[PDB]
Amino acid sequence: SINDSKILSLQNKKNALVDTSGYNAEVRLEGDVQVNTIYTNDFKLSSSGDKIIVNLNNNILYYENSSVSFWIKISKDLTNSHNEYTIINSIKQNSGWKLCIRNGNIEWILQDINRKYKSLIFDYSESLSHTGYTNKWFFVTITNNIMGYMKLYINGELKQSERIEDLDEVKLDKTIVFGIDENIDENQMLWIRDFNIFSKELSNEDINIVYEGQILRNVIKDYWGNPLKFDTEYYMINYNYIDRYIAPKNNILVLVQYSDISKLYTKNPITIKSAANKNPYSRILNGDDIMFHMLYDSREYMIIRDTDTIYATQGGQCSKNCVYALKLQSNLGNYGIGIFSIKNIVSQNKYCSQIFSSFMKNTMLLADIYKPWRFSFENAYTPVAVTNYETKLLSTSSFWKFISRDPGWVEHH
């Protein structure tokens, strides 16, 4: 087993954050550590100055090879900063390792007894780009072999390698301190989940097993990689149009550019309702049947597929390549024409999903420029349900994301 080599595994059991490896590390929480808030084995490090202090059974340290794995999610606030922040500290008497954030990079440092160090560095920010990892969960794995290399993997893919043969002795520290410096800036925060240390250098194959197990392939994700939830506000976007929001216009839905180009939190968020009597606020899972609701001008509506296609000459007679616009309906209920299934994009761990309808004909939701009003030449960016979608299953136009208001991404506070 991969887990046979775990010498530390921080997990939430019976409500507390403990070591479950079998080695019984001391695990002490200080200040405002929120644990188990997004994912079971998560914890939050903020400018509260909260800390987690781990003390290993020293005998574990009786040095050739190791791996450290965990997921991390770093606020926009912290990411945008040019400064360096130590996040996990295991250096004492000059030597050990640490994990830092610096200028939108994550950095792993290994330091010898002369204070000489080597590092692995990855630019997760990419200038706060929407295609980068700012405030998104990503999976980190660092492997070390003291006679060779240390290697940095992100989401199961090797990114960087560093020779460490020039280092002299490293004296490992039985203490590991998680946390950043206290600060008045309340929006500086990050989260870690599933923190593990292994006494071997994990192979690429084993790293990918850990990654796929911990990503929770069952669970649809929001834009940040949190679990998607029922009854929760999201700015629903098509992959191709992150700067557009959903609006009703002349009895259909269209995608309109938000006035401030720089903002993720736009207008008209939707909520997702279970068609299958699932628990309130519960996680949305691959294959779930759902409805979309929208509060608009002080009235609650559900989204439904149009009965007839966008092309008037087709009437009710379309058989192939049928394209249906969407509209709002104020009558709320489990109407089949407004029930959709949400699925994960097969073999893609992207924080996106596809949405299908099985009402009368099999359709898939996508966005593109159409003439969506039956009796009009006018163009619009339009979310539509289309038939015969086999050749579109890999098109980014078929991918949807759901942006929640998340404390790691603050806009006009």
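All residue numbers are counted from 1 along the displayed sequence.
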Worksheet item: Which is higher on average in the deposited entry, the C-alpha temperature factors of 377 to 385 or of 340 to 348?
Response: 340 to 348
Item to complete: Give the stretch, out of 265 to 273 and 170 to 178, with the larger mean C-alpha temperature factor in the deposited entry.
Response: 170 to 178
Worksheet item: Which listed residue, 196, 257, 131, 204, has the largest C-alpha temperature factor in the record?
Response: 131
Worksheet item: Out of 330, 155, 135, 313, which shows the largest CA B-factor listed in the entry?
Response: 313
Worksheet item: Ranked by Cα temperature factor within the chain, is residue 59 in the lowest third, the middle third or the highest third?
Response: highest
Worksheet entry | residue 334 - which third its CA temperature factor falls in, relative to the rest of the chain | highest
Fill in: Assigned third (lowest, middle, highest) for the C-alpha B factor of residue 10
middle
Worksheet item: When the modelled residues of the chain are sorted by Cα temperature factor, does residue 68 land in the lowest, middle or highest third?
Response: lowest
Worksheet item: Going by what the PDB entry lists, where does residue 147 fall on CA B-factor within its chain: lowest, middle or highest third?
Response: highest
